[PDB]
Protein chains: 4
Amino acid sequence: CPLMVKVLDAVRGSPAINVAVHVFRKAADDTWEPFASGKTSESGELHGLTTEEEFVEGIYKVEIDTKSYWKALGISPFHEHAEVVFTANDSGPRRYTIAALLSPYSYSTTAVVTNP
Amino acid sequence: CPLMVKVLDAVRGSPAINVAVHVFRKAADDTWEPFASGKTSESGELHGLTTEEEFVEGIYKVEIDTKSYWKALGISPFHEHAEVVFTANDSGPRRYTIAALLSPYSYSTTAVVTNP
Amino acid sequence: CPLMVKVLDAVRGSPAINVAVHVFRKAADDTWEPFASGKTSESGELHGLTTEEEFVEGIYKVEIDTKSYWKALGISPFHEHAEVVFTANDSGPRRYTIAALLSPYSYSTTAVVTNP
Amino acid sequence: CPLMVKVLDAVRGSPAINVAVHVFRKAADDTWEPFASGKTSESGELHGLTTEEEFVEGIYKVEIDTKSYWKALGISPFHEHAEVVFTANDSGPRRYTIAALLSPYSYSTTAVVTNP
Ligand SMILES: COc1cc(C(=O)c2cc(O)cc(F)c2)cc([N+](=O)[O-])c1O
Ligand SMILES: COc1cc(C(=O)c2cc(O)cc(F)c2)cc([N+](=O)[O-])c1O
């Protein structure tokens, strides 16, 4: 599993469950092609998005539908979504965890890159 | 000043100076059209992007070119940029401050929204 | 103003107003002695805590009473307070801004340090 | 495992490894009694701090020695440490994860509380 997404709720102190996540790769045409998506589990995590064969170097975008999450809780949010855009670079066996911590008017995101 | 952007550097404990910022507005045909741009000052602030008359209801995207900032400091960061997408003035006109706190592999963004 | 504290509310997208802030300095006998206190203004800022003459080298603790803030809003938060402990002026006198961004189960704190 | 601590490095995009963590409980005398400590693993995590029998309701402090971590990397940091102070409340089977994301001049901390 070369790419995992984890989403946390800073208002409830809980995993953010049932959040839609979409992953795009930048094409040679310089446009966003979708290629993976899912919803976060009870633990706030989304696994199995891609494989080591498919997850080649390139520019990637991870979109997290935070607005629908806050609306589901009856909280009016600021952002339409959280967007994380990054370059995947090969330099050894690497796994990427994209974490996002959500509040109605703020989010944080960090990348944890590790060699198994 | 209905829209202001402030950027801070979490590694140096300083404003993030001379950071490029681009603002887009979603058009009728669901394309992003350029709206304003500038660079952060010595205080990390970018003022004067727009006016109350031109900052109409809409969906806006603020792109902060964090990658060029970290590269100017010798650091190869994770993200291509920090992005904030939001609906503006949906309840009449306000004052929006978009703040970003930057680290090489992480950023936060917050909105402080006050009544004019 | 060598020391300023700014507090933001990540749930409401607003300054955190009327938040109690206490500053301590570590004494010769390794006890914390009270140094200054105040409440954040309508802008979320607390100025005038100390002077350049009294803000000598030392170890300082800034306690932000986040729990009473969230409780005034009807929210039972996780943390008792947000705390920042740092060594000050170890390289001559500077200007310190301590910023805190608050959520019920999370907070961030940052220091922006500028030369006088 | 009712209490786990996880520490992340926002500059390197990695777990923060070998970070000292100390846990204190507030005594009836209103003073901090130490009762658990350790160092974060290769995954940035510290498990086995306490048991369900010992982790009773009370006020707890988790101290994370961030200054020694940054010094070990040759980076001059702002904070002496990160301190998380909270009330543990019984209301069903609860597990607490205290997460901290570290930068030299900033840290974030969040609590993830879950029912297994
Ligand atoms: C709106 O004005 C400001 C906003 C902010 C933040 O949003 C902020 C973001 C964080 O991740 C953590 C934090 F503690 C503060 C920081 C400063 N500052 O430091 O000067 C401001 O003037
Ligand atoms: C490595 O994976 C994780 C990453 C993260 C964060 O990104 C994070 C973001 C913040 O603004 C503050 C913070 F303290 C942590 C949180 C948890 N967690 O809570 O379990 C993780 O397992």
# chains A, B, ... in the order shown; residues from 1 in each chain; ligands from 1
call {"tool": "select_by_dssp", "arguments": {"residues": "chain C", "states": "helix (DSSP H, G or I)", "output": "ChimeraX atom specification"}}
result
/C:66-72
call {"tool": "write_last_selection", "arguments": {"atoms": "N, CA, C and O atoms", "output": "tab-separated table (two decimals), in the first residue's frame"}}
result
chain	number	residue	atom	x	y	z
C	66	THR	N	-7.86	27.89	27.56
C	66	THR	CA	-8.76	27.46	26.49
C	66	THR	C	-10.00	26.78	27.03
C	66	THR	O	-11.06	26.84	26.41
C	67	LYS	N	-9.90	26.09	28.18
C	67	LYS	CA	-11.06	25.34	28.65
C	67	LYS	C	-12.22	26.27	29.00
C	67	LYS	O	-13.37	26.02	28.61
C	68	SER	N	-11.95	27.37	29.74
C	68	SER	CA	-13.02	28.32	30.05
C	68	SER	C	-13.59	28.97	28.80
C	68	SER	O	-14.79	29.28	28.75
C	69	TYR	N	-12.78	29.18	27.77
C	69	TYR	CA	-13.29	29.73	26.52
C	69	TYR	C	-14.30	28.79	25.88
C	69	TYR	O	-15.42	29.21	25.54
C	70	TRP	N	-13.94	27.52	25.70
C	70	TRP	CA	-14.87	26.59	25.07
C	70	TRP	C	-16.10	26.38	25.92
C	70	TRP	O	-17.21	26.23	25.39
C	71	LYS	N	-15.94	26.40	27.25
C	71	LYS	CA	-17.10	26.18	28.12
C	71	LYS	C	-18.08	27.34	28.03
C	71	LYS	O	-19.29	27.13	28.14
C	72	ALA	N	-17.57	28.57	27.83
C	72	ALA	CA	-18.46	29.72	27.66
C	72	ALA	C	-19.29	29.60	26.39
C	72	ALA	O	-20.34	30.25	26.29
call {"tool": "interface_residues", "arguments": {"of": "chain C", "to": "chain B", "cutoff": "6 Å", "atoms": "only C-alpha atoms", "output": "number ranges by chain"}}
result
C: 13-14, 111-113
call {"tool": "write_last_selection", "arguments": {"atoms": "C-alpha atoms", "output": "short mmCIF file (atom, residue, chain, number, x, y, z; two decimals), in the first residue's frame"}}
result
data_model
loop_
_atom_site.label_atom_id
_atom_site.label_comp_id
_atom_site.auth_asym_id
_atom_site.auth_seq_id
_atom_site.Cartn_x
_atom_site.Cartn_y
_atom_site.Cartn_z
CA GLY C 13 -13.39 31.36 12.07
CA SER C 14 -12.96 34.31 14.39
CA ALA C 111 5.99 31.73 17.57
CA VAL C 112 6.83 34.59 15.20
CA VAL C 113 10.07 36.22 16.35
#
call {"tool": "calpha_fit_and_write", "arguments": {"fixed": "chain C", "moving": "chain D", "output": "short mmCIF file (atom, residue, chain, number, x, y, z; two decimals) with N, CA, C and O atoms, in the first residue's frame"}}
result
data_model
loop_
_atom_site.label_atom_id
_atom_site.label_comp_id
_atom_site.auth_asym_id
_atom_site.auth_seq_id
_atom_site.Cartn_x
_atom_site.Cartn_y
_atom_site.Cartn_z
N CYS D 1 6.83 46.69 22.92
CA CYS D 1 6.07 45.50 23.31
C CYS D 1 6.83 44.25 22.92
O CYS D 1 6.70 43.76 21.80
N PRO D 2 7.63 43.70 23.84
CA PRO D 2 8.48 42.56 23.50
C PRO D 2 7.77 41.22 23.49
O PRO D 2 8.39 40.22 23.11
N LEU D 3 6.50 41.16 23.90
CA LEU D 3 5.81 39.87 24.03
C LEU D 3 4.33 40.10 23.82
O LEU D 3 3.70 40.85 24.57
N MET D 4 3.77 39.47 22.80
CA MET D 4 2.36 39.60 22.49
C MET D 4 1.79 38.21 22.35
O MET D 4 2.51 37.26 22.01
N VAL D 5 0.50 38.06 22.65
CA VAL D 5 -0.17 36.77 22.55
C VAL D 5 -1.40 36.96 21.67
O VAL D 5 -2.15 37.92 21.85
N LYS D 6 -1.59 36.05 20.71
CA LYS D 6 -2.73 36.11 19.80
C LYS D 6 -3.41 34.75 19.77
O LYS D 6 -2.73 33.73 19.63
N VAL D 7 -4.74 34.73 19.90
CA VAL D 7 -5.49 33.47 20.01
C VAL D 7 -6.61 33.48 18.99
O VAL D 7 -7.38 34.44 18.92
N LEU D 8 -6.72 32.39 18.21
CA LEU D 8 -7.69 32.25 17.12
C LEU D 8 -8.59 31.05 17.39
O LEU D 8 -8.17 30.07 18.01
N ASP D 9 -9.82 31.13 16.90
CA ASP D 9 -10.86 30.11 17.06
C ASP D 9 -11.04 29.43 15.70
O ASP D 9 -11.51 30.06 14.75
N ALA D 10 -10.63 28.16 15.61
CA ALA D 10 -10.69 27.40 14.37
C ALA D 10 -12.07 26.86 14.07
O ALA D 10 -12.29 26.37 12.96
N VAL D 11 -12.99 26.91 15.02
CA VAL D 11 -14.34 26.44 14.78
C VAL D 11 -15.20 27.55 14.22
O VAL D 11 -15.99 27.32 13.30
N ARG D 12 -15.02 28.76 14.72
CA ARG D 12 -15.81 29.89 14.23
C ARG D 12 -15.07 30.75 13.21
O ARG D 12 -15.69 31.64 12.63
N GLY D 13 -13.78 30.51 12.97
CA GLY D 13 -13.01 31.33 12.05
C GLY D 13 -12.92 32.77 12.49
O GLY D 13 -13.19 33.70 11.73
N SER D 14 -12.55 32.97 13.75
CA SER D 14 -12.65 34.28 14.36
C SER D 14 -11.53 34.43 15.37
O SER D 14 -10.95 33.43 15.81
N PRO D 15 -11.20 35.65 15.76
CA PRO D 15 -10.36 35.81 16.94
C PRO D 15 -11.04 35.14 18.12
O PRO D 15 -12.27 35.11 18.21
N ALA D 16 -10.24 34.60 19.03
CA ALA D 16 -10.77 34.10 20.29
C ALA D 16 -10.74 35.26 21.28
O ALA D 16 -9.67 35.67 21.73
N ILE D 17 -11.92 35.79 21.61
CA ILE D 17 -12.05 37.01 22.40
C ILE D 17 -12.30 36.64 23.85
O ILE D 17 -12.97 35.65 24.15
N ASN D 18 -11.76 37.46 24.76
CA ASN D 18 -12.00 37.34 26.21
C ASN D 18 -11.40 36.07 26.79
O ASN D 18 -11.96 35.50 27.73
N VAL D 19 -10.30 35.60 26.23
CA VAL D 19 -9.58 34.43 26.74
C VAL D 19 -8.57 34.88 27.79
O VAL D 19 -7.75 35.76 27.52
N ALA D 20 -8.58 34.25 28.96
CA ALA D 20 -7.60 34.59 29.98
C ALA D 20 -6.24 34.01 29.62
O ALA D 20 -6.12 32.86 29.17
N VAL D 21 -5.19 34.82 29.82
CA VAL D 21 -3.80 34.43 29.55
C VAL D 21 -2.97 34.81 30.77
O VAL D 21 -3.08 35.94 31.26
N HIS D 22 -2.15 33.88 31.25
CA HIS D 22 -1.23 34.14 32.36
C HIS D 22 0.19 33.82 31.92
O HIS D 22 0.42 32.83 31.22
N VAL D 23 1.14 34.64 32.35
CA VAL D 23 2.55 34.47 32.01
C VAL D 23 3.34 34.27 33.29
O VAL D 23 3.16 35.03 34.26
N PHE D 24 4.19 33.25 33.31
CA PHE D 24 5.03 32.88 34.45
C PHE D 24 6.49 32.86 34.03
O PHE D 24 6.82 32.57 32.88
N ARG D 25 7.37 33.21 34.96
CA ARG D 25 8.80 33.03 34.77
C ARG D 25 9.28 31.97 35.75
O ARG D 25 8.81 31.90 36.89
N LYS D 26 10.20 31.14 35.29
CA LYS D 26 10.82 30.15 36.16
C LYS D 26 11.81 30.83 37.09
O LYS D 26 12.74 31.52 36.64
N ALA D 27 11.61 30.66 38.40
CA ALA D 27 12.46 31.29 39.39
C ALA D 27 13.74 30.48 39.59
O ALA D 27 13.90 29.36 39.08
N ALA D 28 14.69 31.07 40.32
CA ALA D 28 15.90 30.35 40.67
C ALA D 28 15.58 29.11 41.49
O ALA D 28 16.30 28.11 41.42
N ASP D 29 14.48 29.16 42.26
CA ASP D 29 14.00 28.02 43.04
C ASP D 29 13.39 26.95 42.15
O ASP D 29 12.87 25.95 42.66
N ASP D 30 13.44 27.15 40.83
CA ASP D 30 12.79 26.25 39.87
C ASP D 30 11.30 26.09 40.18
O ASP D 30 10.78 24.98 40.31
N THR D 31 10.60 27.23 40.32
CA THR D 31 9.15 27.23 40.42
C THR D 31 8.59 28.42 39.65
O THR D 31 9.30 29.41 39.40
N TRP D 32 7.32 28.31 39.25
CA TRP D 32 6.70 29.27 38.33
C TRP D 32 6.19 30.47 39.11
O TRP D 32 5.25 30.36 39.91
N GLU D 33 6.79 31.64 38.87
CA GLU D 33 6.31 32.88 39.47
C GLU D 33 5.46 33.64 38.46
O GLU D 33 5.94 33.92 37.36
N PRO D 34 4.22 33.98 38.79
CA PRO D 34 3.41 34.75 37.84
C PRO D 34 3.92 36.17 37.74
O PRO D 34 4.41 36.74 38.71
N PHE D 35 3.80 36.77 36.55
CA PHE D 35 4.17 38.17 36.51
C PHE D 35 3.41 39.00 35.49
O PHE D 35 3.58 40.22 35.45
N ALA D 36 2.59 38.37 34.65
CA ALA D 36 1.73 39.13 33.75
C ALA D 36 0.50 38.30 33.41
O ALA D 36 0.55 37.07 33.40
N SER D 37 -0.61 38.99 33.15
CA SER D 37 -1.82 38.30 32.68
C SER D 37 -2.77 39.33 32.08
O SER D 37 -2.59 40.54 32.21
N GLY D 38 -3.78 38.82 31.38
CA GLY D 38 -4.81 39.67 30.83
C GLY D 38 -5.85 38.83 30.12
O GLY D 38 -5.89 37.61 30.29
N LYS D 39 -6.69 39.49 29.34
CA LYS D 39 -7.68 38.82 28.51
C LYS D 39 -7.52 39.31 27.08
O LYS D 39 -7.23 40.50 26.86
N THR D 40 -7.70 38.41 26.11
CA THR D 40 -7.56 38.81 24.72
C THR D 40 -8.64 39.81 24.32
O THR D 40 -9.78 39.74 24.78
N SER D 41 -8.27 40.74 23.43
CA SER D 41 -9.15 41.79 22.94
C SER D 41 -10.11 41.23 21.89
O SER D 41 -10.09 40.03 21.57
N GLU D 42 -10.94 42.13 21.33
CA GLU D 42 -11.82 41.80 20.20
C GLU D 42 -11.05 41.26 19.01
O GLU D 42 -11.61 40.52 18.19
N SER D 43 -9.79 41.64 18.86
CA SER D 43 -8.97 41.14 17.78
C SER D 43 -8.25 39.85 18.15
O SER D 43 -7.45 39.35 17.35
N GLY D 44 -8.51 39.30 19.33
CA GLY D 44 -7.85 38.10 19.77
C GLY D 44 -6.45 38.31 20.31
O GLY D 44 -5.75 37.33 20.57
N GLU D 45 -6.02 39.55 20.49
CA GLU D 45 -4.65 39.87 20.84
C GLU D 45 -4.56 40.37 22.27
O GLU D 45 -5.51 40.95 22.81
N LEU D 46 -3.40 40.13 22.88
CA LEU D 46 -3.10 40.63 24.22
C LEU D 46 -1.74 41.30 24.15
O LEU D 46 -0.73 40.62 23.92
N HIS D 47 -1.71 42.61 24.33
CA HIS D 47 -0.52 43.45 24.29
C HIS D 47 -0.22 44.02 25.68
O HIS D 47 -1.03 43.93 26.61
N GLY D 48 0.94 44.65 25.80
CA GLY D 48 1.26 45.33 27.04
C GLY D 48 1.51 44.41 28.22
O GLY D 48 1.38 44.84 29.37
N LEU D 49 1.88 43.16 27.96
CA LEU D 49 2.13 42.22 29.05
C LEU D 49 3.38 42.57 29.84
O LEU D 49 3.42 42.42 31.07
N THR D 50 4.43 43.03 29.15
CA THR D 50 5.70 43.30 29.81
C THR D 50 6.43 44.41 29.06
O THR D 50 5.91 44.98 28.10
N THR D 51 7.63 44.73 29.52
CA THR D 51 8.47 45.77 28.94
C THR D 51 9.82 45.18 28.58
O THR D 51 10.17 44.08 29.00
N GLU D 52 10.60 45.94 27.81
CA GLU D 52 11.92 45.45 27.44
C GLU D 52 12.83 45.35 28.66
O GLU D 52 13.67 44.45 28.72
N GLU D 53 12.65 46.24 29.64
CA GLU D 53 13.46 46.18 30.86
C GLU D 53 13.19 44.90 31.65
O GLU D 53 14.12 44.26 32.15
N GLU D 54 11.91 44.49 31.74
CA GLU D 54 11.50 43.36 32.57
C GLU D 54 11.69 42.01 31.88
O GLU D 54 11.93 41.01 32.56
N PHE D 55 11.59 41.97 30.55
CA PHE D 55 11.55 40.71 29.80
C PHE D 55 12.98 40.23 29.50
O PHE D 55 13.48 40.28 28.38
N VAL D 56 13.63 39.76 30.56
CA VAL D 56 15.03 39.34 30.51
C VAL D 56 15.10 37.87 30.10
O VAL D 56 14.08 37.17 30.09
N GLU D 57 16.29 37.40 29.75
CA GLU D 57 16.48 35.99 29.43
C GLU D 57 16.01 35.13 30.60
O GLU D 57 16.13 35.52 31.77
N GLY D 58 15.48 33.97 30.28
CA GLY D 58 14.92 33.09 31.29
C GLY D 58 14.00 32.09 30.62
O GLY D 58 13.83 32.08 29.40
N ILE D 59 13.39 31.24 31.46
CA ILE D 59 12.39 30.28 31.01
C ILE D 59 11.02 30.83 31.35
O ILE D 59 10.77 31.18 32.50
N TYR D 60 10.13 30.85 30.36
CA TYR D 60 8.82 31.46 30.52
C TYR D 60 7.74 30.45 30.17
O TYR D 60 7.94 29.57 29.32
N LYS D 61 6.59 30.59 30.83
CA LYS D 61 5.41 29.80 30.51
C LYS D 61 4.24 30.74 30.23
O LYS D 61 3.99 31.67 31.01
N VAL D 62 3.54 30.50 29.12
CA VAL D 62 2.31 31.23 28.79
C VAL D 62 1.17 30.23 28.87
O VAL D 62 1.15 29.23 28.13
N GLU D 63 0.22 30.47 29.78
CA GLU D 63 -0.94 29.60 29.95
C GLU D 63 -2.15 30.29 29.35
O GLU D 63 -2.43 31.45 29.65
N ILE D 64 -2.87 29.57 28.49
CA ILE D 64 -4.06 30.10 27.82
C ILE D 64 -5.25 29.28 28.30
O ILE D 64 -5.27 28.05 28.12
N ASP D 65 -6.23 29.94 28.93
CA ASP D 65 -7.36 29.23 29.53
C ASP D 65 -8.36 28.89 28.44
O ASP D 65 -9.39 29.55 28.26
N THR D 66 -8.05 27.83 27.71
CA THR D 66 -8.91 27.43 26.60
C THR D 66 -10.19 26.76 27.08
O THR D 66 -11.24 26.90 26.43
N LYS D 67 -10.14 26.03 28.19
CA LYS D 67 -11.33 25.32 28.65
C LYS D 67 -12.49 26.28 28.94
O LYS D 67 -13.63 26.03 28.52
N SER D 68 -12.22 27.38 29.65
CA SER D 68 -13.27 28.36 29.92
C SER D 68 -13.82 28.97 28.64
O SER D 68 -15.01 29.29 28.56
N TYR D 69 -12.97 29.14 27.63
CA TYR D 69 -13.42 29.69 26.36
C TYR D 69 -14.45 28.76 25.70
O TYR D 69 -15.52 29.21 25.30
N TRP D 70 -14.13 27.46 25.59
CA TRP D 70 -15.06 26.53 24.95
C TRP D 70 -16.33 26.35 25.78
O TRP D 70 -17.43 26.25 25.21
N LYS D 71 -16.21 26.30 27.10
CA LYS D 71 -17.40 26.23 27.95
C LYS D 71 -18.31 27.42 27.71
O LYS D 71 -19.54 27.27 27.71
N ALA D 72 -17.73 28.61 27.51
CA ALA D 72 -18.53 29.79 27.23
C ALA D 72 -19.30 29.66 25.93
O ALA D 72 -20.34 30.30 25.75
N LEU D 73 -18.81 28.85 25.00
CA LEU D 73 -19.49 28.61 23.74
C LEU D 73 -20.39 27.38 23.77
O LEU D 73 -21.00 27.05 22.75
N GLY D 74 -20.47 26.69 24.91
CA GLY D 74 -21.28 25.49 24.98
C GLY D 74 -20.68 24.29 24.29
O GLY D 74 -21.41 23.41 23.83
N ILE D 75 -19.35 24.22 24.20
CA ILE D 75 -18.64 23.14 23.53
C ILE D 75 -17.75 22.45 24.55
O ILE D 75 -17.02 23.12 25.30
N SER D 76 -17.83 21.13 24.62
CA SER D 76 -17.07 20.42 25.63
C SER D 76 -15.67 20.18 25.09
O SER D 76 -15.52 19.62 24.00
N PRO D 77 -14.64 20.67 25.77
CA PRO D 77 -13.29 20.59 25.20
C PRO D 77 -12.45 19.49 25.84
O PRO D 77 -12.80 18.96 26.89
N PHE D 78 -11.32 19.19 25.22
CA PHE D 78 -10.44 18.18 25.77
C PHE D 78 -9.45 18.76 26.77
O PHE D 78 -9.33 18.27 27.90
N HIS D 79 -8.74 19.82 26.39
CA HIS D 79 -7.63 20.31 27.19
C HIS D 79 -8.11 21.18 28.35
O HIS D 79 -9.13 21.88 28.25
N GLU D 80 -7.36 21.14 29.44
CA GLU D 80 -7.60 22.08 30.53
C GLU D 80 -7.17 23.48 30.13
O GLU D 80 -7.82 24.47 30.49
N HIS D 81 -6.09 23.58 29.36
CA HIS D 81 -5.56 24.86 28.90
C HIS D 81 -4.51 24.56 27.85
O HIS D 81 -4.14 23.40 27.64
N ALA D 82 -4.04 25.60 27.19
CA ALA D 82 -2.88 25.51 26.32
C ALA D 82 -1.70 26.14 27.06
O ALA D 82 -1.81 27.23 27.61
N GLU D 83 -0.57 25.43 27.09
CA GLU D 83 0.62 25.88 27.80
C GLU D 83 1.80 25.95 26.83
O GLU D 83 2.10 24.96 26.15
N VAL D 84 2.46 27.10 26.77
CA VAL D 84 3.62 27.31 25.91
C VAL D 84 4.80 27.66 26.81
O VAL D 84 4.76 28.67 27.52
N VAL D 85 5.85 26.85 26.77
CA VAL D 85 7.02 26.99 27.63
C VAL D 85 8.24 27.15 26.75
O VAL D 85 8.45 26.34 25.83
N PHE D 86 9.04 28.18 26.99
CA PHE D 86 10.11 28.51 26.06
C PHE D 86 11.22 29.25 26.80
O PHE D 86 11.01 29.79 27.89
N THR D 87 12.41 29.26 26.20
CA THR D 87 13.52 30.05 26.71
C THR D 87 13.64 31.33 25.88
O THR D 87 13.79 31.27 24.66
N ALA D 88 13.58 32.48 26.55
CA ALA D 88 13.89 33.74 25.91
C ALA D 88 15.40 33.94 25.91
O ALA D 88 16.04 33.87 26.97
N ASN D 89 15.97 34.18 24.73
CA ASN D 89 17.41 34.37 24.58
C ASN D 89 17.67 35.71 23.92
O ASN D 89 17.06 36.03 22.89
N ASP D 90 18.56 36.50 24.51
CA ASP D 90 18.98 37.74 23.88
C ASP D 90 19.99 37.44 22.78
O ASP D 90 20.93 36.66 22.98
N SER D 91 19.79 38.06 21.63
CA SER D 91 20.75 38.04 20.54
C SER D 91 20.37 39.10 19.52
O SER D 91 20.18 38.81 18.34
N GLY D 92 20.24 40.34 19.99
CA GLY D 92 19.73 41.42 19.18
C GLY D 92 18.34 41.82 19.63
O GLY D 92 17.69 41.14 20.43
N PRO D 93 17.86 42.96 19.12
CA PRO D 93 16.50 43.41 19.47
C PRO D 93 15.43 42.47 18.93
O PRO D 93 15.20 42.42 17.71
N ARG D 94 14.77 41.73 19.81
CA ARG D 94 13.82 40.70 19.42
C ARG D 94 12.44 40.97 20.03
O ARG D 94 12.34 41.39 21.19
N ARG D 95 11.40 40.72 19.25
CA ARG D 95 10.02 40.75 19.73
C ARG D 95 9.40 39.38 19.51
O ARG D 95 9.67 38.74 18.49
N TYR D 96 8.59 38.92 20.47
CA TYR D 96 8.01 37.58 20.45
C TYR D 96 6.50 37.68 20.31
O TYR D 96 5.85 38.36 21.11
N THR D 97 5.94 36.97 19.33
CA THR D 97 4.49 36.81 19.23
C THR D 97 4.18 35.33 19.41
O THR D 97 4.65 34.49 18.64
N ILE D 98 3.40 35.02 20.43
CA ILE D 98 2.98 33.66 20.70
C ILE D 98 1.57 33.54 20.17
O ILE D 98 0.65 34.17 20.69
N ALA D 99 1.37 32.73 19.13
CA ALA D 99 0.06 32.57 18.54
C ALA D 99 -0.47 31.18 18.86
O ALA D 99 0.29 30.20 18.88
N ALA D 100 -1.77 31.08 19.11
CA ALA D 100 -2.40 29.80 19.35
C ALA D 100 -3.69 29.71 18.55
O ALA D 100 -4.50 30.64 18.57
N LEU D 101 -3.89 28.58 17.87
CA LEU D 101 -5.10 28.31 17.09
C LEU D 101 -5.85 27.18 17.78
O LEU D 101 -5.30 26.09 17.93
N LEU D 102 -7.09 27.44 18.21
CA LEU D 102 -7.80 26.54 19.11
C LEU D 102 -8.93 25.81 18.41
O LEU D 102 -9.72 26.42 17.67
N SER D 103 -9.04 24.51 18.68
CA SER D 103 -10.21 23.68 18.42
C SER D 103 -10.54 22.94 19.71
O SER D 103 -9.71 22.87 20.62
N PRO D 104 -11.75 22.38 19.82
CA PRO D 104 -12.13 21.72 21.09
C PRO D 104 -11.21 20.57 21.48
O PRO D 104 -10.96 20.37 22.67
N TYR D 105 -10.71 19.79 20.52
CA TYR D 105 -9.87 18.65 20.84
C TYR D 105 -8.46 18.81 20.29
O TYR D 105 -7.71 17.83 20.21
N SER D 106 -8.07 20.04 19.94
CA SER D 106 -6.75 20.22 19.36
C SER D 106 -6.35 21.68 19.50
O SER D 106 -7.21 22.56 19.48
N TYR D 107 -5.06 21.93 19.66
CA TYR D 107 -4.57 23.28 19.44
C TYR D 107 -3.20 23.25 18.79
O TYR D 107 -2.44 22.28 18.90
N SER D 108 -2.91 24.33 18.09
CA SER D 108 -1.60 24.59 17.52
C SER D 108 -1.04 25.83 18.19
O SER D 108 -1.79 26.71 18.64
N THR D 109 0.27 25.91 18.27
CA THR D 109 0.89 27.12 18.76
C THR D 109 2.17 27.34 17.99
O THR D 109 2.88 26.39 17.64
N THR D 110 2.45 28.60 17.67
CA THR D 110 3.69 28.94 16.99
C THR D 110 4.24 30.22 17.58
O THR D 110 3.53 31.02 18.18
N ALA D 111 5.55 30.39 17.43
CA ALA D 111 6.25 31.58 17.87
C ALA D 111 6.74 32.29 16.63
O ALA D 111 7.36 31.67 15.76
N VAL D 112 6.42 33.57 16.53
CA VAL D 112 6.97 34.44 15.51
C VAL D 112 7.91 35.41 16.20
O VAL D 112 7.47 36.23 17.02
N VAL D 113 9.20 35.30 15.90
CA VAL D 113 10.23 36.12 16.53
C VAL D 113 10.80 37.04 15.46
O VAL D 113 11.27 36.57 14.42
N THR D 114 10.75 38.35 15.71
CA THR D 114 11.09 39.33 14.70
C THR D 114 11.94 40.45 15.31
O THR D 114 11.83 40.76 16.50
N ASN D 115 12.77 41.05 14.46
CA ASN D 115 13.69 42.12 14.85
C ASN D 115 13.16 43.44 14.29
O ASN D 115 13.19 43.64 13.06
N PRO D 116 12.64 44.35 15.12
CA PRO D 116 12.22 45.67 14.63
C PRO D 116 13.36 46.69 14.61
O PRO D 116 14.33 46.52 13.87
#
call {"tool": "select_by_dssp", "arguments": {"residues": "stretch 14-113 of chain C", "states": "strand (DSSP E or B)", "output": "PyMOL selection string"}}
result
chain C and resi 14-15+20-26+32-39+45-46+58-64+79-88+90+92+95-103+106-113
call {"tool": "write_last_selection", "arguments": {"atoms": "C-alpha atoms", "output": "CSV table (one decimal), in the first residue's frame"}}
result
chain,number,residue,atom,x,y,z
C,14,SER,CA,-13.0,34.3,14.4
C,15,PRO,CA,-10.5,35.7,16.9
C,20,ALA,CA,-7.5,34.6,29.8
C,21,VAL,CA,-3.7,34.4,29.4
C,22,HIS,CA,-1.2,34.0,32.2
C,23,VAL,CA,2.6,34.4,31.8
C,24,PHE,CA,5.1,32.9,34.2
C,25,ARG,CA,8.9,33.1,34.5
C,26,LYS,CA,11.0,30.4,36.0
C,32,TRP,CA,7.3,29.3,38.3
C,33,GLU,CA,6.6,32.9,39.3
C,34,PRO,CA,3.7,35.0,38.0
C,35,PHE,CA,4.9,37.6,35.5
C,36,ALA,CA,1.9,39.0,33.7
C,37,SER,CA,-1.7,38.3,32.7
C,38,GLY,CA,-4.6,39.7,30.7
C,39,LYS,CA,-7.5,38.9,28.3
C,45,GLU,CA,-4.8,40.0,20.6
C,46,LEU,CA,-3.3,40.7,24.0
C,58,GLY,CA,14.8,33.5,31.1
C,59,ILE,CA,12.4,30.6,30.7
C,60,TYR,CA,8.8,31.7,30.3
C,61,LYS,CA,5.5,29.9,30.2
C,62,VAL,CA,2.4,31.3,28.5
C,63,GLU,CA,-0.8,29.6,29.7
C,64,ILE,CA,-3.9,30.2,27.6
C,79,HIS,CA,-7.5,20.3,27.0
C,80,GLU,CA,-7.3,22.2,30.3
C,81,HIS,CA,-5.3,24.9,28.6
C,82,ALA,CA,-2.8,25.5,25.9
C,83,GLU,CA,0.8,26.0,27.1
C,84,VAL,CA,3.9,27.4,25.5
C,85,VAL,CA,7.3,27.2,27.3
C,86,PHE,CA,10.3,28.8,25.7
C,87,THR,CA,13.6,30.5,26.4
C,88,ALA,CA,13.5,34.2,25.7
C,90,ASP,CA,18.8,34.2,24.7
C,92,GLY,CA,19.6,39.7,23.0
C,95,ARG,CA,9.8,40.8,19.6
C,96,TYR,CA,7.8,37.6,20.3
C,97,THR,CA,4.3,36.9,19.0
C,98,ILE,CA,2.8,33.7,20.4
C,99,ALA,CA,-0.2,32.6,18.3
C,100,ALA,CA,-2.6,29.8,19.2
C,101,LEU,CA,-5.3,28.3,16.9
C,102,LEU,CA,-7.9,26.5,18.9
C,103,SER,CA,-10.3,23.6,18.3
C,106,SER,CA,-6.8,20.2,19.2
C,107,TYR,CA,-4.7,23.3,19.2
C,108,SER,CA,-1.6,24.6,17.5
C,109,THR,CA,0.8,27.2,18.7
C,110,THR,CA,3.4,29.1,16.7
C,111,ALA,CA,6.0,31.7,17.6
C,112,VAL,CA,6.8,34.6,15.2
C,113,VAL,CA,10.1,36.2,16.3
